[PDB]
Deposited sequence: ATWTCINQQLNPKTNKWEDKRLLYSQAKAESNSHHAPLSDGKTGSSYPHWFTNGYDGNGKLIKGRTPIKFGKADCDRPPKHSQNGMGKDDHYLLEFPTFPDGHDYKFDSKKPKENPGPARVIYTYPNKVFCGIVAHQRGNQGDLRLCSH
């Protein structure tokens, strides 16, 4: 399965990702909420607060997997014993594994992220930043 993302750069850029490479990246990623050099992986809010309430005006991305569409439970540190939430990790057309402990310099994460679950690492989808490498995330197609 090939996912296509559109990202604007300093103009619209079309980027293709192999679903297999991305699933492999998330499996290799630690199950941690940002307690790494690069800050990745980290909680992907999808518009909710840590109690599972949808923030007003925000719209969640629908993935189509019950595991991914359930509201989260995220304690302050992402380690409460009842926690279950989404994680985001950088993914690339080449499939290389992002250096999550990289700090000065921090590896460029690019615009795309593989979204998966904590604690079971279920694959949700590939999303990408609209412009550059931060800001609004949009689900890529396939």
In sequence order, what intervals of the deposited sequence carry no C-alpha positions?
11 to 17
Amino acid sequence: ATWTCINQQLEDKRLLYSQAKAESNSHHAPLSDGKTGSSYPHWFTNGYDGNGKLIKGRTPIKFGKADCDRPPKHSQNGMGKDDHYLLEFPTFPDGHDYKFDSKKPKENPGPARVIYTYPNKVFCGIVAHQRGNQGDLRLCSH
From here on, numbers count along this sequence of modelled residues.
As the entry reports it, the stretch among 17 to 25 and 130 to 138 with higher mean C-alpha B factor is 130 to 138
When the Cα temperature factors in the entry are averaged, is it 42 to 50 or 76 to 84 that ends up higher?
76 to 84
By the CA temperature factor listed in this entry, which of these ranks top: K62, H96, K99, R113?
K62
Can you tell me which of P30, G57, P109, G37 has the maximum CA B-factor listed in the PDB entry?
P30
